[PDB]
Amino acid sequence: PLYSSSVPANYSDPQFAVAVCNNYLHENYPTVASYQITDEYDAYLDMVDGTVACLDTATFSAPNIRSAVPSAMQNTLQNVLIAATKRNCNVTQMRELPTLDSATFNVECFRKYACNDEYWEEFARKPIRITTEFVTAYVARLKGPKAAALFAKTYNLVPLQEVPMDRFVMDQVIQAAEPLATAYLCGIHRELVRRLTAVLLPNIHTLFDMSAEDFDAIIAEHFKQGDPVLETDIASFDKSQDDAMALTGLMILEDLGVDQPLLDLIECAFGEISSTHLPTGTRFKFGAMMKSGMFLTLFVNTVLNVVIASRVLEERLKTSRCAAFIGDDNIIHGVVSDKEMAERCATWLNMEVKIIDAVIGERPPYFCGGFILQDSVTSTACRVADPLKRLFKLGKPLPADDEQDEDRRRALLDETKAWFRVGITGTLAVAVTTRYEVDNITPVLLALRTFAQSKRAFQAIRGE
Ligand SMILES: [Mg+2]
């Protein structure tokens, strides 16, 4: 090997190197984004036990749906912003027209089979704008009612008036108004959840604001013994290899009121935390700007989940008694796959999305790391967390944290209460054996309940 002479050069101060690295990642967002963003997402999802339990905002959107399946998030928001730049510029159609035709057809299927047409005109003439009242109530929910008074008087906020954009973005960049920007983008997610709920048909449910019991009420009413349940597994399908998926989410976001001034605010805010790469610290800071992007990513992922179901199922989704969506997980009641349905899923995404047929009682439907089982005493269907996935998750080595250990124990205590319902334990062990081809899980249910009983017993999981 013949190498040319290597002569390196450096800056006079390490702080100049820190700023250069942060400025580079800031200047090249959203073209590239560090995988530490999605890695911080995964660390937060795994900590709070799944997507539905990842609701800890000041104002959201009785425990939540807790899943032990490890998270593998992808920066869907970054790809949406990339599609916004390729659309604002690049008027030259470099075969982005077939991407445009595909995304247009996706929005067509989404509207035809999953939506009403009542609110599209209102959202077009009234884009999403966050008012002074929300951002003041947002800070009041965190730092007290008085700190919200200083919040409004510091940034000169007028009551019952939309927060002017010139207060936190100019020349863009967040101009030292970090708590105002974070407050604004928390209201965008709240309005996006409210507006999506308004357009979706009543038989189509998104699990943003839904407790475990409130979701069980929907399951108990619509899911009976012998009822077929369809499932579209999209977890293995990467959205980045479809520019139409990112363009589809962008169009639906725009259809909901995310106009160009809003996208510029979103791209500017999330290009700023990409400039918080260095210094790293010892652990993820788990900030509110990080959470806002996770929820926006989760929102777009959930919408694209409904889109995929709308195009594949067509009228079968519209006539379904009950269809639930959150993240990439979904169940659709009373639909059995056919040849024309499996073909549409094949010629569209190849063999990247599968169709799973399940029945209440014999082939247990799976949803958010849990089984849809029917109680053998009340004959009412419900969702029961996967005990095998919980056992796998409990093997993760963790540093000592007495507060988080109590949260993990109380979360396991709640899961064991559902496992030992006298009408659940039998059919649960049948479901685990049916799904995983393993031996009877009941002795593990016994052992897991031992750990959850007391704080002293939970210590045996970590040991000494
Ligand atoms: Mg549109």
# chains A, B, ... in the order shown; residues from 1 in each chain; ligands from 1
call {"tool": "residues_around", "arguments": {"residues": "residue 161 (chain A)", "least_positions_apart": "2", "cutoff": "9 Å", "atoms": "only C-alpha atoms", "output": "list in words"}}
result
residues 130, 131, 132, 133, 157, 158, 159, 163 and 164 of chain A
call {"tool": "select_by_dssp", "arguments": {"residues": "region 299-426 of chain A", "states": "helix (DSSP H, G or I)", "output": "PDB file with N, CA and C atoms, in the first residue's frame"}}
result
ATOM      1  N   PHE A 299     -47.086  10.807  14.695  1.00  0.00           N
ATOM      2  CA  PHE A 299     -48.318  11.230  14.038  1.00  0.00           C
ATOM      3  C   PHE A 299     -48.285  10.902  12.549  1.00  0.00           C
ATOM      4  N   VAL A 300     -47.192  11.262  11.872  1.00  0.00           N
ATOM      5  CA  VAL A 300     -47.072  10.976  10.445  1.00  0.00           C
ATOM      6  C   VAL A 300     -47.051   9.472  10.203  1.00  0.00           C
ATOM      7  N   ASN A 301     -46.362   8.724  11.070  1.00  0.00           N
ATOM      8  CA  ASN A 301     -46.338   7.270  10.937  1.00  0.00           C
ATOM      9  C   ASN A 301     -47.738   6.681  11.061  1.00  0.00           C
ATOM     10  N   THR A 302     -48.530   7.186  12.009  1.00  0.00           N
ATOM     11  CA  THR A 302     -49.891   6.687  12.182  1.00  0.00           C
ATOM     12  C   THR A 302     -50.760   7.022  10.976  1.00  0.00           C
ATOM     13  N   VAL A 303     -50.591   8.219  10.411  1.00  0.00           N
ATOM     14  CA  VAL A 303     -51.373   8.609   9.240  1.00  0.00           C
ATOM     15  C   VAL A 303     -51.013   7.730   8.049  1.00  0.00           C
ATOM     16  N   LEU A 304     -49.711   7.542   7.809  1.00  0.00           N
ATOM     17  CA  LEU A 304     -49.275   6.664   6.728  1.00  0.00           C
ATOM     18  C   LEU A 304     -49.747   5.233   6.946  1.00  0.00           C
ATOM     19  N   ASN A 305     -49.875   4.813   8.207  1.00  0.00           N
ATOM     20  CA  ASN A 305     -50.453   3.505   8.500  1.00  0.00           C
ATOM     21  C   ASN A 305     -51.893   3.422   8.007  1.00  0.00           C
ATOM     22  N   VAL A 306     -52.678   4.477   8.234  1.00  0.00           N
ATOM     23  CA  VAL A 306     -54.050   4.505   7.737  1.00  0.00           C
ATOM     24  C   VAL A 306     -54.064   4.560   6.213  1.00  0.00           C
ATOM     25  N   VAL A 307     -53.105   5.275   5.621  1.00  0.00           N
ATOM     26  CA  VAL A 307     -53.028   5.371   4.164  1.00  0.00           C
ATOM     27  C   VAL A 307     -52.806   3.994   3.552  1.00  0.00           C
ATOM     28  N   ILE A 308     -51.835   3.248   4.084  1.00  0.00           N
ATOM     29  CA  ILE A 308     -51.544   1.913   3.566  1.00  0.00           C
ATOM     30  C   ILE A 308     -52.771   1.019   3.678  1.00  0.00           C
ATOM     31  N   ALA A 309     -53.483   1.101   4.804  1.00  0.00           N
ATOM     32  CA  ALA A 309     -54.697   0.308   4.969  1.00  0.00           C
ATOM     33  C   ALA A 309     -55.786   0.754   4.002  1.00  0.00           C
ATOM     34  N   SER A 310     -55.861   2.057   3.717  1.00  0.00           N
ATOM     35  CA  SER A 310     -56.893   2.558   2.815  1.00  0.00           C
ATOM     36  C   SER A 310     -56.672   2.071   1.388  1.00  0.00           C
ATOM     37  N   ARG A 311     -55.422   2.086   0.920  1.00  0.00           N
ATOM     38  CA  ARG A 311     -55.141   1.671  -0.451  1.00  0.00           C
ATOM     39  C   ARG A 311     -55.265   0.160  -0.612  1.00  0.00           C
ATOM     40  N   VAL A 312     -54.848  -0.603   0.398  1.00  0.00           N
ATOM     41  CA  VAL A 312     -54.853  -2.058   0.286  1.00  0.00           C
ATOM     42  C   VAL A 312     -56.259  -2.613   0.480  1.00  0.00           C
ATOM     43  N   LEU A 313     -56.970  -2.134   1.501  1.00  0.00           N
ATOM     44  CA  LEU A 313     -58.280  -2.681   1.836  1.00  0.00           C
ATOM     45  C   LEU A 313     -59.412  -2.046   1.041  1.00  0.00           C
ATOM     46  N   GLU A 315     -62.688  -0.533   0.044  1.00  0.00           N
ATOM     47  CA  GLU A 315     -63.985  -0.479   0.709  1.00  0.00           C
ATOM     48  C   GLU A 315     -64.045  -1.353   1.955  1.00  0.00           C
ATOM     49  N   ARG A 316     -63.166  -2.352   2.068  1.00  0.00           N
ATOM     50  CA  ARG A 316     -63.182  -3.217   3.244  1.00  0.00           C
ATOM     51  C   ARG A 316     -62.815  -2.452   4.508  1.00  0.00           C
ATOM     52  N   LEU A 317     -61.991  -1.409   4.385  1.00  0.00           N
ATOM     53  CA  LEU A 317     -61.681  -0.579   5.544  1.00  0.00           C
ATOM     54  C   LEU A 317     -62.857   0.321   5.902  1.00  0.00           C
ATOM     55  N   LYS A 318     -63.574   0.820   4.893  1.00  0.00           N
ATOM     56  CA  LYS A 318     -64.689   1.725   5.151  1.00  0.00           C
ATOM     57  C   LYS A 318     -65.854   1.000   5.814  1.00  0.00           C
ATOM     58  N   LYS A 339     -57.357 -12.729  -2.842  1.00  0.00           N
ATOM     59  CA  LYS A 339     -56.307 -12.717  -3.855  1.00  0.00           C
ATOM     60  C   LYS A 339     -56.080 -11.313  -4.401  1.00  0.00           C
ATOM     61  N   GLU A 340     -57.160 -10.567  -4.646  1.00  0.00           N
ATOM     62  CA  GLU A 340     -57.020  -9.211  -5.165  1.00  0.00           C
ATOM     63  C   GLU A 340     -56.424  -8.271  -4.126  1.00  0.00           C
ATOM     64  N   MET A 341     -56.663  -8.537  -2.840  1.00  0.00           N
ATOM     65  CA  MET A 341     -56.082  -7.702  -1.794  1.00  0.00           C
ATOM     66  C   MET A 341     -54.594  -7.982  -1.628  1.00  0.00           C
ATOM     67  N   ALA A 342     -54.207  -9.261  -1.632  1.00  0.00           N
ATOM     68  CA  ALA A 342     -52.793  -9.604  -1.535  1.00  0.00           C
ATOM     69  C   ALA A 342     -52.023  -9.160  -2.771  1.00  0.00           C
ATOM     70  N   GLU A 343     -52.694  -9.079  -3.922  1.00  0.00           N
ATOM     71  CA  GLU A 343     -52.037  -8.592  -5.130  1.00  0.00           C
ATOM     72  C   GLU A 343     -51.735  -7.102  -5.022  1.00  0.00           C
ATOM     73  N   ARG A 344     -52.714  -6.313  -4.569  1.00  0.00           N
ATOM     74  CA  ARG A 344     -52.510  -4.874  -4.439  1.00  0.00           C
ATOM     75  C   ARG A 344     -51.363  -4.563  -3.486  1.00  0.00           C
ATOM     76  N   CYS A 345     -51.268  -5.307  -2.382  1.00  0.00           N
ATOM     77  CA  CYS A 345     -50.143  -5.144  -1.471  1.00  0.00           C
ATOM     78  C   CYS A 345     -48.834  -5.621  -2.083  1.00  0.00           C
ATOM     79  N   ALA A 346     -48.895  -6.462  -3.118  1.00  0.00           N
ATOM     80  CA  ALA A 346     -47.680  -6.990  -3.729  1.00  0.00           C
ATOM     81  C   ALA A 346     -47.134  -6.046  -4.795  1.00  0.00           C
ATOM     82  N   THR A 347     -47.993  -5.565  -5.694  1.00  0.00           N
ATOM     83  CA  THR A 347     -47.529  -4.683  -6.758  1.00  0.00           C
ATOM     84  C   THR A 347     -47.208  -3.276  -6.271  1.00  0.00           C
ATOM     85  N   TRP A 348     -47.470  -2.964  -5.001  1.00  0.00           N
ATOM     86  CA  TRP A 348     -47.256  -1.620  -4.473  1.00  0.00           C
ATOM     87  C   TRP A 348     -45.946  -1.512  -3.697  1.00  0.00           C
ATOM     88  N   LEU A 349     -45.765  -2.347  -2.671  1.00  0.00           N
ATOM     89  CA  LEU A 349     -44.560  -2.309  -1.849  1.00  0.00           C
ATOM     90  C   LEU A 349     -43.773  -3.612  -1.917  1.00  0.00           C
ATOM     91  N   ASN A 350     -44.028  -4.439  -2.925  1.00  0.00           N
ATOM     92  CA  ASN A 350     -43.404  -5.763  -3.055  1.00  0.00           C
ATOM     93  C   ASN A 350     -43.712  -6.564  -1.786  1.00  0.00           C
ATOM     94  N   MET A 351     -42.828  -7.481  -1.410  1.00  0.00           N
ATOM     95  CA  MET A 351     -43.016  -8.256  -0.185  1.00  0.00           C
ATOM     96  C   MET A 351     -42.347  -7.576   1.006  1.00  0.00           C
ATOM     97  N   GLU A 352     -42.670  -6.296   1.197  1.00  0.00           N
ATOM     98  CA  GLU A 352     -42.231  -5.546   2.365  1.00  0.00           C
ATOM     99  C   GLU A 352     -43.334  -5.366   3.398  1.00  0.00           C
ATOM    100  N   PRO A 387     -46.541 -11.693  27.709  1.00  0.00           N
ATOM    101  CA  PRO A 387     -45.653 -12.000  28.838  1.00  0.00           C
ATOM    102  C   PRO A 387     -44.259 -12.431  28.407  1.00  0.00           C
ATOM    103  N   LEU A 388     -44.143 -13.035  27.223  1.00  0.00           N
ATOM    104  CA  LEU A 388     -42.826 -13.434  26.738  1.00  0.00           C
ATOM    105  C   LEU A 388     -41.984 -12.217  26.377  1.00  0.00           C
ATOM    106  N   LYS A 389     -42.596 -11.215  25.742  1.00  0.00           N
ATOM    107  CA  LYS A 389     -41.872  -9.987  25.433  1.00  0.00           C
ATOM    108  C   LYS A 389     -41.460  -9.261  26.706  1.00  0.00           C
ATOM    109  N   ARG A 390     -42.304  -9.315  27.739  1.00  0.00           N
ATOM    110  CA  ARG A 390     -41.955  -8.693  29.011  1.00  0.00           C
ATOM    111  C   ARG A 390     -40.767  -9.394  29.656  1.00  0.00           C
ATOM    112  N   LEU A 391     -40.734 -10.728  29.593  1.00  0.00           N
ATOM    113  CA  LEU A 391     -39.598 -11.467  30.133  1.00  0.00           C
ATOM    114  C   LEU A 391     -38.310 -11.099  29.408  1.00  0.00           C
ATOM    115  N   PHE A 392     -38.376 -10.954  28.082  1.00  0.00           N
ATOM    116  CA  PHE A 392     -37.201 -10.539  27.321  1.00  0.00           C
ATOM    117  C   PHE A 392     -36.731  -9.154  27.746  1.00  0.00           C
ATOM    118  N   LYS A 393     -37.670  -8.226  27.947  1.00  0.00           N
ATOM    119  CA  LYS A 393     -37.302  -6.858  28.296  1.00  0.00           C
ATOM    120  C   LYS A 393     -36.700  -6.771  29.693  1.00  0.00           C
ATOM    121  N   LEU A 394     -37.138  -7.631  30.615  1.00  0.00           N
ATOM    122  CA  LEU A 394     -36.621  -7.599  31.977  1.00  0.00           C
ATOM    123  C   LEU A 394     -35.164  -8.033  32.070  1.00  0.00           C
ATOM    124  N   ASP A 402     -33.587   3.894  41.856  1.00  0.00           N
ATOM    125  CA  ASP A 402     -34.662   3.467  42.750  1.00  0.00           C
ATOM    126  C   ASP A 402     -36.020   3.978  42.285  1.00  0.00           C
ATOM    127  N   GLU A 403     -36.066   5.193  41.736  1.00  0.00           N
ATOM    128  CA  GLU A 403     -37.340   5.755  41.296  1.00  0.00           C
ATOM    129  C   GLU A 403     -37.864   5.028  40.063  1.00  0.00           C
ATOM    130  N   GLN A 404     -37.000   4.816  39.068  1.00  0.00           N
ATOM    131  CA  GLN A 404     -37.424   4.106  37.867  1.00  0.00           C
ATOM    132  C   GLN A 404     -37.678   2.630  38.142  1.00  0.00           C
ATOM    133  N   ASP A 405     -36.993   2.053  39.132  1.00  0.00           N
ATOM    134  CA  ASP A 405     -37.270   0.671  39.510  1.00  0.00           C
ATOM    135  C   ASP A 405     -38.684   0.527  40.057  1.00  0.00           C
ATOM    136  N   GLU A 406     -39.155   1.530  40.803  1.00  0.00           N
ATOM    137  CA  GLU A 406     -40.520   1.490  41.314  1.00  0.00           C
ATOM    138  C   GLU A 406     -41.539   1.682  40.200  1.00  0.00           C
ATOM    139  N   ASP A 407     -41.215   2.501  39.196  1.00  0.00           N
ATOM    140  CA  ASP A 407     -42.108   2.652  38.053  1.00  0.00           C
ATOM    141  C   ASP A 407     -42.194   1.360  37.253  1.00  0.00           C
ATOM    142  N   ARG A 408     -41.055   0.697  37.041  1.00  0.00           N
ATOM    143  CA  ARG A 408     -41.054  -0.555  36.293  1.00  0.00           C
ATOM    144  C   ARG A 408     -41.739  -1.673  37.068  1.00  0.00           C
ATOM    145  N   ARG A 409     -41.641  -1.656  38.399  1.00  0.00           N
ATOM    146  CA  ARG A 409     -42.313  -2.672  39.202  1.00  0.00           C
ATOM    147  C   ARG A 409     -43.822  -2.464  39.199  1.00  0.00           C
ATOM    148  N   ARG A 410     -44.266  -1.219  39.390  1.00  0.00           N
ATOM    149  CA  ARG A 410     -45.697  -0.937  39.376  1.00  0.00           C
ATOM    150  C   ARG A 410     -46.301  -1.167  37.997  1.00  0.00           C
ATOM    151  N   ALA A 411     -45.514  -0.978  36.936  1.00  0.00           N
ATOM    152  CA  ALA A 411     -46.002  -1.292  35.597  1.00  0.00           C
ATOM    153  C   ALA A 411     -46.128  -2.797  35.400  1.00  0.00           C
ATOM    154  N   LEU A 412     -45.169  -3.565  35.924  1.00  0.00           N
ATOM    155  CA  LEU A 412     -45.267  -5.019  35.850  1.00  0.00           C
ATOM    156  C   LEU A 412     -46.386  -5.538  36.743  1.00  0.00           C
ATOM    157  N   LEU A 413     -46.589  -4.903  37.900  1.00  0.00           N
ATOM    158  CA  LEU A 413     -47.679  -5.301  38.784  1.00  0.00           C
ATOM    159  C   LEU A 413     -49.026  -5.164  38.088  1.00  0.00           C
ATOM    160  N   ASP A 414     -49.200  -4.102  37.297  1.00  0.00           N
ATOM    161  CA  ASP A 414     -50.448  -3.923  36.563  1.00  0.00           C
ATOM    162  C   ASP A 414     -50.613  -4.986  35.483  1.00  0.00           C
ATOM    163  N   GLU A 415     -49.516  -5.366  34.823  1.00  0.00           N
ATOM    164  CA  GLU A 415     -49.599  -6.374  33.770  1.00  0.00           C
ATOM    165  C   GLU A 415     -49.909  -7.751  34.344  1.00  0.00           C
ATOM    166  N   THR A 416     -49.363  -8.065  35.522  1.00  0.00           N
ATOM    167  CA  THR A 416     -49.629  -9.363  36.132  1.00  0.00           C
ATOM    168  C   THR A 416     -51.066  -9.471  36.628  1.00  0.00           C
ATOM    169  N   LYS A 417     -51.678  -8.348  37.017  1.00  0.00           N
ATOM    170  CA  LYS A 417     -53.083  -8.376  37.412  1.00  0.00           C
ATOM    171  C   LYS A 417     -53.968  -8.808  36.250  1.00  0.00           C
ATOM    172  N   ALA A 418     -53.631  -8.374  35.033  1.00  0.00           N
ATOM    173  CA  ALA A 418     -54.397  -8.790  33.865  1.00  0.00           C
ATOM    174  C   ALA A 418     -54.098 -10.232  33.482  1.00  0.00           C
ATOM    175  N   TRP A 419     -52.870 -10.697  33.726  1.00  0.00           N
ATOM    176  CA  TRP A 419     -52.521 -12.072  33.385  1.00  0.00           C
ATOM    177  C   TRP A 419     -53.230 -13.075  34.282  1.00  0.00           C
ATOM    178  N   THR A 425     -55.862 -16.318  32.198  1.00  0.00           N
ATOM    179  CA  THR A 425     -54.606 -17.054  32.333  1.00  0.00           C
ATOM    180  C   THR A 425     -54.547 -18.255  31.397  1.00  0.00           C
ATOM    181  N   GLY A 426     -55.644 -19.007  31.293  1.00  0.00           N
ATOM    182  CA  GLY A 426     -55.639 -20.185  30.440  1.00  0.00           C
ATOM    183  C   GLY A 426     -55.477 -19.843  28.970  1.00  0.00           C
TER     184      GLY A 426
END
call {"tool": "closest_residue", "arguments": {"among": "A:429, A:332, A:384, A:124", "to": "ligand 1", "atoms": "only C-alpha atoms and all ligand atoms"}}
result
A:124
call {"tool": "residues_near_ligand", "arguments": {"ligand": "ligand 1", "cutoff": "9 Å", "atoms": "only C-alpha atoms and all ligand atoms", "output": "mmCIF file with N, CA and C atoms, in the first residue's frame"}}
result
data_model
loop_
_atom_site.group_PDB
_atom_site.id
_atom_site.type_symbol
_atom_site.label_atom_id
_atom_site.label_comp_id
_atom_site.auth_asym_id
_atom_site.auth_seq_id
_atom_site.Cartn_x
_atom_site.Cartn_y
_atom_site.Cartn_z
ATOM 1 N N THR A 104 -50.363 11.246 -4.834
ATOM 2 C CA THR A 104 -51.708 11.761 -5.069
ATOM 3 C C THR A 104 -52.745 10.650 -4.973
ATOM 4 N N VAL A 107 -53.308 9.790 -1.266
ATOM 5 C CA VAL A 107 -54.227 10.722 -0.620
ATOM 6 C C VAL A 107 -55.654 10.472 -1.084
ATOM 7 N N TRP A 120 -62.219 19.557 5.024
ATOM 8 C CA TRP A 120 -61.058 19.885 4.200
ATOM 9 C C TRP A 120 -61.053 21.356 3.800
ATOM 10 N N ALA A 124 -58.177 24.219 4.851
ATOM 11 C CA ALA A 124 -57.420 24.890 3.799
ATOM 12 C C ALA A 124 -57.384 26.398 4.017
ATOM 13 N N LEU A 250 -46.630 14.580 3.718
ATOM 14 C CA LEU A 250 -46.553 16.031 3.591
ATOM 15 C C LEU A 250 -47.857 16.611 3.057
ATOM 16 N N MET A 251 -48.447 15.966 2.047
ATOM 17 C CA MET A 251 -49.700 16.461 1.485
ATOM 18 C C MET A 251 -50.829 16.395 2.505
ATOM 19 N N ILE A 252 -50.903 15.300 3.265
ATOM 20 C CA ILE A 252 -51.952 15.167 4.270
ATOM 21 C C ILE A 252 -51.733 16.163 5.403
ATOM 22 N N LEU A 253 -50.474 16.388 5.786
ATOM 23 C CA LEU A 253 -50.171 17.432 6.760
ATOM 24 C C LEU A 253 -50.639 18.792 6.257
ATOM 25 N N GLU A 254 -50.340 19.105 4.994
ATOM 26 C CA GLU A 254 -50.818 20.351 4.402
ATOM 27 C C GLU A 254 -52.340 20.380 4.339
ATOM 28 N N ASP A 255 -52.961 19.237 4.038
ATOM 29 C CA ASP A 255 -54.418 19.171 4.008
ATOM 30 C C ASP A 255 -55.020 19.434 5.381
ATOM 31 N N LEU A 256 -54.264 19.174 6.447
ATOM 32 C CA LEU A 256 -54.737 19.405 7.804
ATOM 33 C C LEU A 256 -54.445 20.811 8.310
#
call {"tool": "atom_distance", "arguments": {"atom1": "CA of residue 455 (chain A)", "atom2": "CA of residue 284 (chain A)"}}
result
26.6 Å
call {"tool": "closest_atom_pairs", "arguments": {"of": "region 73-190 of chain A", "to": "region 267-270 of chain A", "cutoff": "10 Å", "atoms": "only C-alpha atoms", "output": "Markdown table"}}
result
| residue | atom | partner | partner_atom | distance |
| --- | --- | --- | --- | --- |
| A:77 | CA | A:267 | CA | 9.3 |
| A:78 | CA | A:267 | CA | 8.5 |
| A:80 | CA | A:267 | CA | 9.9 |
| A:81 | CA | A:267 | CA | 6.6 |
| A:82 | CA | A:267 | CA | 9.4 |
| A:84 | CA | A:267 | CA | 9.5 |
| A:85 | CA | A:267 | CA | 9.9 |
| A:168 | CA | A:269 | CA | 9.8 |
| A:169 | CA | A:268 | CA | 7.9 |
| A:170 | CA | A:268 | CA | 9.8 |
| A:172 | CA | A:268 | CA | 5.7 |
| A:173 | CA | A:268 | CA | 5.8 |
| A:174 | CA | A:269 | CA | 6.5 |
| A:178 | CA | A:269 | CA | 9.0 |
| A:181 | CA | A:269 | CA | 7.3 |
| A:182 | CA | A:269 | CA | 8.4 |
| A:185 | CA | A:269 | CA | 8.8 |
call {"tool": "residues_around", "arguments": {"residues": "region 226-233 of chain A", "least_positions_apart": "3", "cutoff": "7 Å", "atoms": "only C-alpha atoms", "output": "mmCIF file with N, CA and C atoms, in the first residue's frame"}}
result
data_model
loop_
_atom_site.group_PDB
_atom_site.id
_atom_site.type_symbol
_atom_site.label_atom_id
_atom_site.label_comp_id
_atom_site.auth_asym_id
_atom_site.auth_seq_id
_atom_site.Cartn_x
_atom_site.Cartn_y
_atom_site.Cartn_z
ATOM 1 N N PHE A 223 -65.490 -6.918 19.027
ATOM 2 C CA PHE A 223 -64.747 -8.149 18.772
ATOM 3 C C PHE A 223 -65.364 -9.282 19.586
ATOM 4 N N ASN A 330 -51.784 -1.988 13.751
ATOM 5 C CA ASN A 330 -53.157 -1.816 13.301
ATOM 6 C C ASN A 330 -53.887 -3.150 13.359
ATOM 7 N N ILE A 331 -55.177 -3.081 13.681
ATOM 8 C CA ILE A 331 -56.097 -4.203 13.539
ATOM 9 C C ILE A 331 -57.344 -3.703 12.824
ATOM 10 N N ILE A 332 -57.916 -4.553 11.974
ATOM 11 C CA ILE A 332 -59.122 -4.228 11.220
ATOM 12 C C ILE A 332 -60.094 -5.388 11.376
ATOM 13 N N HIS A 333 -61.250 -5.115 11.976
ATOM 14 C CA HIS A 333 -62.205 -6.162 12.310
ATOM 15 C C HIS A 333 -62.990 -6.608 11.083
ATOM 16 N N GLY A 334 -63.283 -7.905 11.027
ATOM 17 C CA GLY A 334 -64.213 -8.438 10.049
ATOM 18 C C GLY A 334 -63.746 -8.411 8.612
ATOM 19 N N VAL A 335 -62.438 -8.459 8.375
ATOM 20 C CA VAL A 335 -61.883 -8.451 7.027
ATOM 21 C C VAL A 335 -60.950 -9.644 6.877
ATOM 22 N N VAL A 336 -61.161 -10.429 5.823
ATOM 23 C CA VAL A 336 -60.332 -11.584 5.503
ATOM 24 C C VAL A 336 -59.628 -11.304 4.183
ATOM 25 N N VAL A 353 -44.595 -5.497 2.992
ATOM 26 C CA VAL A 353 -45.741 -5.441 3.891
ATOM 27 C C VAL A 353 -46.526 -6.734 3.730
ATOM 28 N N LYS A 354 -46.798 -7.403 4.844
ATOM 29 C CA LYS A 354 -47.557 -8.644 4.846
ATOM 30 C C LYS A 354 -48.991 -8.394 5.297
ATOM 31 N N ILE A 355 -49.851 -9.367 5.012
ATOM 32 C CA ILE A 355 -51.237 -9.363 5.464
ATOM 33 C C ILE A 355 -51.424 -10.566 6.376
ATOM 34 N N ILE A 356 -51.867 -10.313 7.604
ATOM 35 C CA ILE A 356 -52.022 -11.345 8.622
ATOM 36 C C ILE A 356 -53.501 -11.495 8.940
ATOM 37 N N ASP A 357 -54.006 -12.719 8.825
ATOM 38 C CA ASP A 357 -55.389 -13.035 9.153
ATOM 39 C C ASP A 357 -55.443 -13.696 10.522
ATOM 40 N N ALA A 358 -56.285 -13.163 11.402
ATOM 41 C CA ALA A 358 -56.429 -13.679 12.752
ATOM 42 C C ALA A 358 -57.905 -13.832 13.086
ATOM 43 N N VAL A 359 -58.179 -14.672 14.084
ATOM 44 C CA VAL A 359 -59.533 -14.915 14.564
ATOM 45 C C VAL A 359 -59.541 -14.815 16.081
ATOM 46 N N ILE A 360 -60.641 -14.302 16.619
ATOM 47 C CA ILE A 360 -60.805 -14.241 18.067
ATOM 48 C C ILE A 360 -61.099 -15.648 18.570
ATOM 49 N N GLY A 361 -60.101 -16.301 19.171
ATOM 50 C CA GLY A 361 -60.290 -17.555 19.887
ATOM 51 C C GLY A 361 -59.314 -18.651 19.508
ATOM 52 N N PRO A 365 -55.276 -12.397 17.602
ATOM 53 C CA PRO A 365 -54.782 -11.155 17.000
ATOM 54 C C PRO A 365 -53.769 -10.476 17.907
#
call {"tool": "closest_atom_pairs", "arguments": {"of": "region 24-48 of chain A", "to": "region 56-65 of chain A", "cutoff": "12 Å", "atoms": "only C-alpha atoms", "output": "JSON lines"}}
result
{"residue": "A:44", "atom": "CA", "partner": "A:56", "partner_atom": "CA", "distance": 11.0}
{"residue": "A:45", "atom": "CA", "partner": "A:56", "partner_atom": "CA", "distance": 11.2}
{"residue": "A:48", "atom": "CA", "partner": "A:56", "partner_atom": "CA", "distance": 9.2}
call {"tool": "write_last_selection", "arguments": {"atoms": "N, CA and C atoms", "output": "compact mmCIF listing (two decimals), in the first residue's frame"}}
result
# COMPACT_ATOMS: atom_id res chain seq x y z
N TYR A 44 -36.24 6.55 24.74
CA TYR A 44 -37.39 7.08 25.46
C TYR A 44 -38.60 6.17 25.36
N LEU A 45 -38.88 5.63 24.16
CA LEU A 45 -39.98 4.68 24.02
C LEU A 45 -39.78 3.47 24.92
N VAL A 48 -40.60 4.31 28.63
CA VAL A 48 -41.98 4.58 29.04
C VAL A 48 -42.90 3.46 28.55
